[PDB]
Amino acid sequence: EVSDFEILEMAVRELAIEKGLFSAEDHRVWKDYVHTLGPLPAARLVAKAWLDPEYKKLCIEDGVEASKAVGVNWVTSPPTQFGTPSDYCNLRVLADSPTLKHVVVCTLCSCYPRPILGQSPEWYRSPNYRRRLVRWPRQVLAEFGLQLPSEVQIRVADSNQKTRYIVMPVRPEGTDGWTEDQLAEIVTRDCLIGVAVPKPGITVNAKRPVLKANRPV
């Protein structure tokens, strides 16, 4: 039941290793690093910024420096020790406000802040999302169940170069006295991309269909 993709994957990996381009160890190391990734660090960065005005300022001006606060050093955390080859080392945090709301996309591919947020959603990589968001953001966001006042500036950020973004949504009402953990808990991956906003009681991305893999990880 082996597919042509799996056949080719083995061929490529074995050949690269035989020719000494990289070792079997390097490959396992990268996979291990990927397994350590997730959206929690980014969520905690937001919670911390909500609770600390000074840190929020740092997040806005220097995302790379701010990321260190949640244990994610864009330069030294990845195995390379020079940032991941594909995500680079220039994270920027986009702070929403009562008059500004951000949403992110990579129209050219799937550019995502993997080091601090984890792997990108399947739909984020879709030609559809990459075609539509930059031109009809209000409509796409509405499909995701998010609507903002017409006077609010919706800003779409297209990650087309070496910068990667995470969205710092506005802190919702009904979270007075909440701890850092309680706040971070409602800042889902979708909130960090910008297709959703944090809501008390909602601690998981909105449920959507899940396409099963032939041979899942």
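Residue numbers here begin at 1 and follow the sequence given.
Comparing 51-59 with 160-168, the higher mean C-alpha B-factor in the PDB entry belongs to 51-59. When the C-alpha B-factors of 102-110 and 76-84 are averaged, 76-84 comes out higher. Ranked against the other modelled residues of its chain, the C-alpha B-factor of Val12 as given in the entry falls in the middle third. Among the modelled residues of the chain, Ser67 sits in the lowest third by CA temperature factor in this PDB entry.
Looking at the C-alpha B-factors along this chain, the one for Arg44 belongs to the middle third.
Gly194: CA B factor in the lowest third of modelled residues in this chain (values from the PDB entry). Looking at the C-alpha B-factors along this chain, the one for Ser97 belongs to the highest third.
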